[PDB]
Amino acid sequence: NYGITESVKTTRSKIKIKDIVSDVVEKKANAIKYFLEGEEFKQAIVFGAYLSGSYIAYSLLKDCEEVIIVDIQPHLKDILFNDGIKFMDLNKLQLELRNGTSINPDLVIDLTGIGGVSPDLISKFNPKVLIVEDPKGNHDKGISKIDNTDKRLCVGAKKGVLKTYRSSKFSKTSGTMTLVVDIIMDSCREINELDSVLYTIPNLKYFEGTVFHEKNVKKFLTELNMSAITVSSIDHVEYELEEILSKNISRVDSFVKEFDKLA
């Protein structure tokens, strides 16, 4: 399409924010898959539905008979896309733990990160495998101080820490939201330098507010259908726009590092 006049072009990227989220959640899910080495489980409990928790739970359905997503926010059941996954709010979980025997997972995954699940609640399980997502990205004193990932690695015969970074680029956290935003912002800066570009728009907003303040998952999902970037230019930049975004998405590297505990 054209801009203000036919002398300027407007190009909306084919890559949408949801395609960026998808690629990142998938890398996290594949990092977990690789660490699990094809092991099968009777009951998997995943803490934290947003943002990568939903796909990671879907990915566990193949080798896990029962997959339970647990979240402190009951409205996050709406972020699950597959009915095979069971959703439990934190109160219902804690209630069932005390007055029941149905909760005894062999796989526990903590994806809550900063200010999330307490090591105390994790200590109530005895799984074969414990995976804790490390929210820390590149160095930041403020984030390191509030982080307690090591304290959460208190159960499981096998323990692992899910780490996610961008090769050659700086990111403050390993969070899917942070990574998507950083991939978009870095692509923007390089796209603006392409010949004939007037300006580059990253189609961003505080998406996290839609999910946790407005409590509207449906609206949040609609907001992710937006082109990641919109560019105003004199010449065609469509090909270079997709290449810069794809290259930045490809920088994402996710892996589970085994936390050695001999006893």
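Just count from 1 along the sequence shown to find any residue number.
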Hey, which bit's got the bigger mean C-alpha B factor in the entry, 225-233 or 62-70? 62-70
If you average the CA temperature factors as listed in the entry, which stretch comes out higher, 167-175 or 140-148? 140-148
Report the option among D78, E190, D182, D134 whose CA atom has the maximum B-factor in the deposited record. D78
In this PDB entry, which of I114, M88, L111, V161 has the top CA B-factor? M88
Chain thirds by Cα B factor, record data; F41 belongs to the highest
Sorting by Cα B-factor within the chain, modelled residues only, which third would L262 end up in: lowest, middle or highest? highest
